[PDB]
Structure formats: structure tokens, C-alpha cells
Amino acid sequence: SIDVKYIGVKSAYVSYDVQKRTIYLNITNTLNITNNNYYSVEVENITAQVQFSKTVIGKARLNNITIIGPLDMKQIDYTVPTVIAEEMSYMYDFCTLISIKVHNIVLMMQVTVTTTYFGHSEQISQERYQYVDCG
Amino acid sequence: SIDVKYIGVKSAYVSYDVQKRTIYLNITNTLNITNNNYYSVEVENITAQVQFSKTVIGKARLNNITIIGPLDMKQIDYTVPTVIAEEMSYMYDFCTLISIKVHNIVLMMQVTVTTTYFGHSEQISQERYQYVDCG
Amino acid sequence: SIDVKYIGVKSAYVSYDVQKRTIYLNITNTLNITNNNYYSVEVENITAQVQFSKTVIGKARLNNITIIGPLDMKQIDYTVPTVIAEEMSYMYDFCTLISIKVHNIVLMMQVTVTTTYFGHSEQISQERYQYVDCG
Amino acid sequence: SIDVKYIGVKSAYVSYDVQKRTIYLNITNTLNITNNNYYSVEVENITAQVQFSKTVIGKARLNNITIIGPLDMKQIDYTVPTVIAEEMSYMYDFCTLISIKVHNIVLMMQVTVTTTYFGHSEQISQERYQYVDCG
Amino acid sequence: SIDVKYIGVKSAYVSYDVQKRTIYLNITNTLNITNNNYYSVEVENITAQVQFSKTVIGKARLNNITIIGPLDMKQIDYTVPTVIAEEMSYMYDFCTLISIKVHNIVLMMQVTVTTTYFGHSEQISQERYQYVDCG
Ligand SMILES: *[C@@H]1O[C@H](CO)[C@@H](O)[C@H](O)[C@H]1NC(C)=O
Ligand SMILES: *[C@@H]1O[C@H](CO)[C@@H](O)[C@H](O)[C@H]1NC(C)=O
Ligand SMILES: *[C@@H]1O[C@H](CO)[C@@H](O)[C@H](O)[C@H]1NC(C)=O
Ligand SMILES: *[C@@H]1O[C@H](CO)[C@@H](O)[C@H](O)[C@H]1NC(C)=O
Ligand SMILES: *[C@@H]1O[C@H](CO)[C@@H](O)[C@H](O)[C@H]1NC(C)=O
Ligand SMILES: *[C@@H]1O[C@H](CO)[C@@H](O)[C@H](O)[C@H]1NC(C)=O
Ligand SMILES: *[C@@H]1O[C@H](CO)[C@@H](O)[C@H](O)[C@H]1NC(C)=O
Ligand SMILES: *[C@@H]1O[C@H](CO)[C@@H](O)[C@H](O)[C@H]1NC(C)=O
Ligand SMILES: *[C@@H]1O[C@H](CO)[C@@H](O)[C@H](O)[C@H]1NC(C)=O
Ligand SMILES: *[C@@H]1O[C@H](CO)[C@@H](O)[C@H](O)[C@H]1NC(C)=O
Ligand SMILES: *[C@@H]1O[C@H](CO)[C@@H](O)[C@H](O)[C@H]1NC(C)=O
Ligand SMILES: *[C@@H]1O[C@H](CO)[C@@H](O)[C@H](O)[C@H]1NC(C)=O
Ligand SMILES: *[C@@H]1O[C@H](CO)[C@@H](O)[C@H](O)[C@H]1NC(C)=O
Ligand SMILES: *[C@@H]1O[C@H](CO)[C@@H](O)[C@H](O)[C@H]1NC(C)=O
Ligand SMILES: *[C@@H]1O[C@H](CO)[C@@H](O)[C@H](O)[C@H]1NC(C)=O
Ligand SMILES: *[C@@H]1O[C@H](CO)[C@@H](O)[C@H](O)[C@H]1NC(C)=O
Ligand SMILES: *[C@@H]1O[C@H](CO)[C@@H](O)[C@H](O)[C@H]1NC(C)=O
Ligand SMILES: *[C@@H]1O[C@H](CO)[C@@H](O)[C@H](O)[C@H]1NC(C)=O
Ligand SMILES: *[C@@H]1O[C@H](CO)[C@@H](O)[C@H](O)[C@H]1NC(C)=O
Ligand SMILES: *[C@@H]1O[C@H](CO)[C@@H](O)[C@H](O)[C@H]1NC(C)=O
């Protein structure tokens, strides 16, 4: 990736910024800009490229073959009991929360068993993340 | 990716910004801009490209073959009981929440068993994310 | 992706912005802009490209073959009982919520068993996301 | 990656910034900029490239073969019981939270059993992250 | 990576910054900038490259072969019981939280059993991270 930029507030090439009650007198600004950008990116010169997969099985006996790919959960138990009992009481609850499984961003590109890959693969994530604001 | 930009507030090439009760006097601004951009991106020069997959089975005996791809959940139990009992009580509840499974963004590109791939693959995610604001 | 931009508020090439009771005096602005953009993107030069898949089975015995693709859920139980019992009580509930499975954005491109792919694949997601605002 | 930049507040080439009630007198600014950028990135010169995978099985006996890919969870138990009992009491709860499994950003590129890969792979993550703000 | 930059507040080539009620008198600024950048990055010159994997099994007997990839969890138990009992009491709780498993950023590139890889692989993470702010 030639350019990746996380810019919180202000991004600019040339900035004249005047703010919060200033006095801006005789000003002469002369700006002469020559800017040129040449991008030669991902250029590929190939005579011959071959992807070849071959399998042959002869006179064989195969019994109980199990192939299990990734990300298997099987047996998961979440037990979260909440019990509130009051006889003669005063209860004030402000900003209370229970969260079990919270997922913001899931990016999954190549999940397989057998992968043959020729090329280019890129993942980019940018965020501002605030979970809980109370008060 | 040639250019990826996360810009919170303001993005500009040339900015004259005057704000919050300033006094802006005699100003002479002369701006002369020569800007040229040439993008040669993803150019491919190929005589011959071959993707070849072949399978042959002869005189074989195959019994109990099981192939299971990725992301298998099987047995998942969520138990979240909530019981509230009050005899003679005062209960004030403000901004209370229960969330079990919350998913914002799920991106899944290549999930398979066998994959043969020639080319280019790109995933880009940008967000501002605030979960809970109370008060 | 040549250009991806997350811009919260203001995006502009040249900006003269005057705001919140300023006094803007004699101003001379002369702007001379030469801007040229040339995009050569995804150009492909191919004599011959071949995608060839062949399978042959001879004199074979196949019994109990099971192929199961991805994303299998099987057995999932969500139990969320809520019981409220009051004899002589005062109950004030403001902004209370229960959510089990909430999904904003699901993007699924290539989910298969066998995939042969020549080309280009791109996924882009941009959002502003606020879940719960109370008060 | 030629350029990666985390910029909290302000990013600019040339900045004239005047802020918080200054007095800006006779100013002469003459700016002459010649800037040129040439990017030759990811250029590949290949006569012949071959990816070849071949398997042959003959006169063999295979019984109880199990292949299990990565990220297997099996048996996971989360027990979080909460019990509150009050006879004659005053309870004030402000900003209380229980979270079991919270995931912001999950990026998974190549998870397989057998992978043959020719090319370029890049993962970039930038964020501002604040979990809980109370008061 | 040619350039990686963590910049907390301000990044600029040439900066004239005037702030907090200064008096800026007769100023003459003459700026003459010649800046040129040439990037030749990731250029590869290859006659022939061969990735070849071959397996042959003959007249063999294979029983109880188990191959288990990485990141296996098996049996994990989280027990966090919380019990609060008050007869005649005053309880004030401000900013109290219980978190079991919290994950901000998980990046997984190449997790496999057998991997043959020709190329370039890069992971870059930049963040500002504050967990809990109370008061
Ligand atoms: C601008 O310069 C002239 C020079 O003749 C001067 O008389 C005038 O007072 C100046 N005004 C300001 C606002 O700087
Ligand atoms: C502006 O820049 C160009 C770039 O070569 C130059 O030829 C020209 O003389 C400059 N003009 C002035 C007034 O400096
Ligand atoms: C590579 O590209 C150049 C053009 O930039 C061309 O002249 C040359 O013949 C190419 N070589 C091959 C056939 O791979
Ligand atoms: C195949 O597996 C099953 C259960 O996994 C088992 O009961 C059976 O005996 C196995 N077959 C042989 C020939 O061992
Ligand atoms: C602008 O400049 C002229 C120069 O003759 C001066 O008389 C005038 O007061 C100036 N006005 C402002 C608003 O700067
Ligand atoms: C404006 O820029 C062009 C770019 O070459 C230049 O030829 C021209 O002389 C400039 N004009 C002035 C008034 O500086
Ligand atoms: C590659 O492209 C160039 C044009 O840029 C062409 O002259 C050359 O013959 C090509 N080579 C081949 C046939 O791969
Ligand atoms: C095939 O599998 C089933 C259950 O998985 C088992 O009952 C059976 O005996 C197996 N067959 C052989 C020949 O082992
Ligand atoms: C503009 O400039 C002229 C110069 O003759 C001056 O007389 C006038 O007061 C100025 N007015 C403003 C609003 O700057
Ligand atoms: C405006 O820019 C063009 C671009 O070449 C230039 O030829 C011309 O002289 C410029 N005009 C002025 C008044 O500077
Ligand atoms: C590639 O494209 C060029 C034109 O840009 C052409 O002259 C050349 O013959 C092409 N090569 C082939 C046939 O792949
Ligand atoms: C095929 O599978 C079934 C159940 O999966 C099993 O009952 C049966 O015995 C199997 N056949 C053989 C020949 O093992
Ligand atoms: C600008 O310079 C002139 C020079 O003749 C001077 O008379 C004037 O007072 C100056 N004004 C400011 C605002 O600096
Ligand atoms: C501006 O920069 C260019 C770059 O070569 C130069 O030729 C020209 O003389 C400069 N102009 C001035 C007024 O210095
Ligand atoms: C490599 O590229 C150059 C052009 O930059 C070309 O002249 C040369 O023939 C190429 N070599 C090969 C065929 O790999
Ligand atoms: C194959 O495995 C099963 C259970 O994993 C077992 O009961 C059986 O006896 C095994 N077969 C042989 C021939 O050992
Ligand atoms: C600027 O310089 C001139 C020189 O003649 C002087 O008279 C004037 O007072 C100066 N003004 C400022 C604001 O420095
Ligand atoms: C500005 O820089 C260029 C760069 O070579 C030079 O040729 C020119 O003479 C400079 N101009 C001045 C006024 O110094
Ligand atoms: C390597 O690249 C050069 C061009 O920079 C080219 O002249 C030379 O023939 C190439 N060598 C090979 C064929 O690997
Ligand atoms: C294969 O493994 C199973 C359990 O893992 C076992 O009961 C069985 O006896 C084994 N087979 C042989 C031939 O040892």
C-alpha cells in the first residue's frame, strides 16, 4: 500500500488557518506549486504460468478418513443467571449492562483446506472506537 | 491500495479558513497550481496461463470418508435467566441492557474447501463506532 | 483501490470558508488551476488462458462419502427467561432492552466447495455506527 | 508499504496557522515548490513460473486417519452467576458492567491445511480505542 | 516498509505556527523548495521459478494417524460467582466492572499445517489505547 493515513482532525497540502478572534493585517501570499505524481504499481510480465493439481488413486482401501477444517466450536456453554430479591429496599441502577458476545469487525479472506494462490492480497482496517460512555 | 485516508474532520488541498470573529484585512492571495497524476495500476502481460485440475480413481474402495469445511458450530447453549422479586420496594432502572450476540460488520471473501485463484483480492473497512451513550 | 476516503465533515479541493461573525475586508483572490488525471487501471494482455477441470472414475466402490460445506450451525439453544414479581412495589424502568442476535452488515462473496477463479475481487465497507443513545 | 502515518491532529505540507487572538502584521509570504514523486512498486519480470502438486496412492490400506485444522474450541464453560439479596437496604449502582467475550477487530487472512502461495500479502490496522468512560 | 511514522499531534514539512496571543511584526518569508523522491521497491527479475510438491504411497498400512493443527483449546472453565447479601446496609458502587475475555485486535496471517510461500508478508499495527477512565 503506497499511502495509508490516519488523520484525526485536519489534513491539507497548504493551510492558511485563522481562528479565534485574531487580527489579520496586510498579507501578501504568493503560492506557486508544481507537483507531479507517477504511479507504476502492480505491473507483471509473464510468458507462461501454470497451476497444475493432479491426484490418482489405484487399488487402495480407505476407511475412516475424516478431514475437519479450521474454526470448529463443538460444545460451548454460557451460563449467566442474575437474581435480585429485595424485601423492603430502595434500589437505584443507572447505566448497567451485560454483554456476552459482541463483535465489531470480522474480516476473513482465505479460509480453506487446500489453497493455490497467485497474486496479491491486502486487508486494511481503520476506525475510531468508543464502547460505553455514561454520565 | 495507492491511497487510503481516514480523515476525521477536514480534508482539503489548499485551505483558507477564517472562523470565530476574526478581522481579515487587506489580503492578496495568488495561487498558481500545476498538478498532474498518472496511474498505471494492475497491468498484466501474459502469453499463456493454464489452470488445470484432474482427478482419476481406479479400482478403489472408499468407505466412511467425511470432509467438513470450516466454521462449524455444533452445540452451543446460552442460558441467561433474570429473576426480580420485590415484596415492598422501590426500584428505579435507567439505561440497562442485555445483549447476547451482536455483530456489526462481517466480511467473508474466500471460504471453500479447495481454491485455485489467480488475481488480486482486497478488503477495506473504515468506520466510526460508538456502542452505548447514556446520560 | 486507487482512492478510498473517510471524510467526517468537509472535503474540498480549494476552500474559502468564512463563518461565525468575522469581518472580511478588501480581499483579492486569483486562482489558476491546471489539474489532469490519467487512469490506466485493470488492463490485461493475454494470448491464451485455459481453465480445465476433468474427473474420471472407473471400477470403484464408494460408500458413505459425506462432504459438508462451511457455516453449519447444528444445535443452538438460546434460553433467556425474564420473570418480574412484585407484591406491593413501585417500579420505574426507562430505556431497557434485550437483544439476542443483531446483525448490521453481512457481506459474503465466494463461499463454495471448489472454486477456480481468474480476475479481481474487492470488498469495501464504510459506515458511521451508533447503537443506543438514551437521555 | 512505502508510507504508513498515524497522525493524531494535524498533517500538512506547508502550514501557516494563526490561532488564539494574535495580531498578524505586514506579512509577505512567497512559496515556490517543485515536488515530484515517482513510484515503481511491485513490478515482476518472469519467463516461466510453475505451481505443481501431485499425489498418487497405490495398493495401500488407510484406517483411522484424522486431520484437524487450527482453531478448535472443543469444550468451554463460562459460569458467571450474580445474586443480590437485600432485606432492608439502600443500594445505589452507577456505571457497572459485565462483559464476557468482546472482540473489536479480527483479521484472518490465510488459514488452511495446505497452502501454496506466490505473491504479496499485507495487513494494516490503525485505530483510536477507548473502552469505558464514566463520569 | 520505507516509512512508518507515529505522530501524536502535528506532522508537517515546513511550519509557521503562531498561537496564544503573540504580536507578529513585519515578516518576510521566502521559501524555495526542490524535493524529488524516486521509489524503486519490490522489483523482481526471474527466469524460472518452480514450486513442486509430490507424495506417493505404495503397499503401506496406516492406522491411527492423527494430525492436529495449532491453537487447540480443549477444556477451559471460567467460574466467577458474585454474591452480595445485606441485612440493613447502605451500598454505593460507582465505576465497577468485571471483564473475562476482551480482545482488541487479533491479526492472523499464515496458520496452516504445510505452507510453501514465495513473496513478501507485512503486518503493521498503530493505535492509541485507553481502557478505563472514571471520574
Ligand atoms: C497596509 O500598508 C499600507 C502601506 O501604505 C499602510 O498605509 C496601511 O496602514 C496598512 N494597512 C494594514 C491594515 O496593515
Ligand atoms: C512558478 O513555477 C514555475 C515552475 O517551473 C516557474 O517556471 C515559474 O517561473 C514560477 N513563477 C514565478 C513567478 O516564480
Ligand atoms: C517485459 O516488458 C517489456 C516492456 O516494458 C518488454 O519489452 C519485454 O519484452 C517484456 N519481457 C517479457 C516478454 O517477459
Ligand atoms: C470406523 O470408525 C467407526 C467409528 O469411528 C468404528 O466403530 C469402526 O470400527 C471403524 N472401522 C474399522 C474397520 O475400524
Ligand atoms: C488597505 O491598504 C490601503 C493602502 O493604500 C490602506 O489605505 C487601507 O487602509 C487598507 N485597508 C485595510 C482594510 O487594510
Ligand atoms: C504559473 O505556473 C505556470 C506553470 O509552469 C508557469 O508557466 C507560469 O509562469 C506561472 N505564472 C505566474 C504568474 O507565475
Ligand atoms: C509486454 O508489453 C509490451 C508493451 O508494453 C509489449 O511490447 C511486449 O511485447 C509485451 N510482451 C509480451 C508479449 O508478454
Ligand atoms: C462406517 O462408519 C459407521 C459410523 O461412522 C460405522 O458404524 C461403520 O461400522 C463403519 N464401517 C466400517 C466398514 O467400518
Ligand atoms: C479597500 O482599499 C481602499 C484603497 O484605496 C481603501 O480606501 C478602502 O478603505 C479599503 N476598504 C476595505 C473595506 O478594506
Ligand atoms: C495560468 O496557468 C497556465 C498554466 O500553464 C499558465 O500558462 C498561465 O500563464 C497562467 N496565468 C497566469 C495569469 O498566471
Ligand atoms: C500487449 O499490448 C501491446 C499494446 O499495448 C501490444 O502492442 C502487444 O502486441 C500486446 N502483446 C500481446 C499480444 O500479448
Ligand atoms: C454407512 O453408514 C451408515 C451410517 O452412517 C452405517 O450404518 C453403515 O453400516 C455404513 N456402511 C458400511 C458398509 O459400513
Ligand atoms: C506596513 O508597512 C508600512 C511601510 O510603509 C507601514 O507604514 C505600516 O504601518 C505597516 N503596517 C502594518 C500593519 O504592519
Ligand atoms: C521557482 O522555482 C523554479 C524551480 O526550478 C525556478 O526555476 C524559478 O526560478 C523559481 N522562481 C523564483 C522567483 O525563485
Ligand atoms: C526484464 O524487463 C526488461 C524491461 O525493463 C526487459 O528488457 C527484459 O527483457 C526483461 N527480462 C526478462 C525477459 O525476464
Ligand atoms: C479405528 O478407530 C476407532 C475409534 O477411533 C476404534 O474403535 C477402531 O478399533 C479403530 N480401528 C482399528 C482397526 O483399530
Ligand atoms: C515595518 O517596517 C517599516 C520600515 O519602513 C516601519 O516603518 C514600520 O513601522 C514596520 N512595521 C511593523 C509592524 O513592523
Ligand atoms: C530556487 O531554487 C532553484 C532550484 O535550482 C534555483 O534554480 C533558483 O535559482 C532558486 N531561486 C532563488 C530566487 O533563489
Ligand atoms: C534483469 O533486468 C534487466 C533490466 O533492469 C535486464 O536487462 C536483464 O536482462 C534482466 N535479467 C534477467 C533476464 O533475469
Ligand atoms: C487405534 O486407536 C484406538 C483408539 O485411539 C484404539 O482403541 C485401537 O486399538 C487402535 N488400533 C490399533 C490397531 O492399535
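- Method of determination, as annotated in the archive: cryo-EM, at 2.9 Å resolution.

### Some remarks on empty space enclosed by the protein
Phase 1 of the analysis: Using the criterion set out here, one finds one cavity of 30 Å³ or more in the structure.
Phase 2 of the analysis: The calculated volume of the largest cavity comes to roughly 30 Å³.
Phase 3 of the analysis: For the lining of the largest cavity, the secondary-structure elements that each account for two or more residues are β6 (75–79) of chain A together with β6 (75–79) of chain B.
Phase 4 of the analysis: Looking at the lining of the largest cavity residue by residue, the classes come out as six nonpolar, no polar and two charged.

### Observations regarding the interface of chain A and chain D
Phase 1 of the analysis: Each side of the interface is counted separately: chain A has 135 residues, and chain D has 135 residues.
Phase 2 of the analysis: Here chain A packs against chain D, burying approximately 11700 Å² in sum over the two surfaces, 47% of which is carbon and sulfur.
Phase 3 of the analysis: Three residues, A:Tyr6, A:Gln123 and A:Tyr129, lead the burial of chain A against chain D; their summed loss comes to 6% of the area buried on that side.
Phase 4 of the analysis: Between chain A and chain D we count one salt bridge in total.
Phase 5 of the analysis: A salt bridge links D:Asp3 to A:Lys5; the shortest N-O distance between them is 3.2 Å.
Phase 6 of the analysis: Where chain A meets chain D, there are 159 residue pairs in polar contact.
Phase 7 of the analysis: The greatest single-element share of the side of chain A that touches chain D, amounting to 32 residues, is contributed by strand β4 (residues 27–58) of chain A.

### Observations concerning a negative patch on the surface
Phase 1 of the analysis: A surface patch of like charges, here negative, comprises A:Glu87, B:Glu87, C:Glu87, D:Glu87 and E:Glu87.
Phase 2 of the analysis: Mapped onto the secondary structure, C:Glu87 falls in the loop between β7 (82–86) and β8 (90–111).

### Describing the nonpolar core
Phase 1 of the analysis: With 31 residues, the main nonpolar core has A:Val102, A:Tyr131, A:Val132, B:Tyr131, B:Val132, D:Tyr131 and D:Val132 as its most contacted residues.
Phase 2 of the analysis: Every element with two or more residues in this core is listed here: β8 (90–111) and β9 (114–134) of chain A, β8 (90–111) and β9 (114–134) of chain B, β9 (114–134) of chain C together with β8 (90–111) and β9 (114–134) of chain D.
Phase 3 of the analysis: Apart from the residues lying within four places of it in its own chain, the contact partners of B:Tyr131 are A:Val102, A:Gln130, A:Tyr131, A:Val132, B:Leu97, B:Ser99, B:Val102, C:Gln130, C:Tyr131 and C:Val132.
Phase 4 of the analysis: Judged by nonpolar contacts, the second largest core, of 30 residues, contains A:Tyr16, B:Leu31, D:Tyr13 and D:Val14.

### Some remarks on the interface of chain A and chain B
Phase 1 of the analysis: With 135 residues of chain A in contact, the opposing surface of chain B contributes 135 residues.
Phase 2 of the analysis: Between chain A and chain B, a total of about 11700 Å² is buried, with carbon and sulfur atoms accounting for 47% of that surface.
Phase 3 of the analysis: Looking only at chain A, the three residues that lose the most surface to chain B are A:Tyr39, A:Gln51 and A:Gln126, adding up to 5% of its buried area.
Phase 4 of the analysis: Between chain A and chain B we count 159 residue pairs in polar contact in total.
Phase 5 of the analysis: Here the side of chain A that touches chain B gets 32 residues from one element, more than from any other, and that element is β4(A).
Phase 6 of the analysis: Here the residues of the side of chain A that touches chain B are counted per class, giving 65 nonpolar, 48 polar and 22 charged.
Phase 7 of the analysis: Where β9(A) meets β9(B), 20 bridges bridge the pair, whose relative direction is parallel. The residue bridging A:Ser121 from the neighbouring strand is B:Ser121, located in β9(B).

### Observations regarding the side chain of C:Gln123
Phase 1 of the analysis: The topology assignment puts C:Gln123 in strand β9.
Phase 2 of the analysis: In this structure the side chain of C:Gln123 is engaged in a polar contact, spanning 2.9 Å, whose partner is the side chain of B:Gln123.
Phase 3 of the analysis: Among all residues touching C:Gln123, those that are not within four sequence positions of it are B:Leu107, B:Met108, B:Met109, B:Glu122, B:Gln123, B:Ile124, C:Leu107, C:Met108 and C:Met109.

Parameters at a glance
- Residues numbered from 1 in each chain as written, not as in the entry; some residues may be left out.
- Chains lettered and ligands numbered in written order.
- Heavy atoms only, no water.
- 1 Å grid on protein atoms, 1.4 Å probe; cavity = no way out; pocket = protein on both sides within 12 Å on 5 of 7 lines; lining within 4 Å.
- Points joined across faces, edges and corners; volume = space filled by probe spheres on them.
- Helix = DSSP H or I, 4+ residues; strand = E, 2+ residues; numbered from the N terminus.
- Nonpolar A, V, L, I, M, F, W, Y, C, P; charged D, E, K, R; others polar.
- Contact = heavy atoms within 4.5 Å.
- Buried area = accessible area lost by both parts, 1.4 Å probe.
- Salt bridge = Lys/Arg side-chain N within 4 Å of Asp/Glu carboxyl O.
- Polar contact = N/O pair within 3.5 Å; in protein donor to acceptor, adjacent residues only side chain to side chain.
- Patch = residues over 30% accessible without salt bridge, like charges linked within 9 Å, V, L, I, M, F, W, Y side chains within 5 Å.
- Areas by Shrake-Rupley, 256 points an atom, 1.4 Å probe, with all protein chains shown as cover.
- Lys, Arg positive; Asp, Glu negative; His and termini not counted.
- Charge placed at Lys NZ, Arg CZ, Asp CG, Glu CD.
- Core = buried A, V, L, I, M, F, W, Y, C linked by side-chain atoms within 4.5 Å.
- Buried < 20%, exposed > 50% of the residue type's maximum accessible area, 1.4 Å probe, protein only.
- Pairing = 2+ DSSP bridges.

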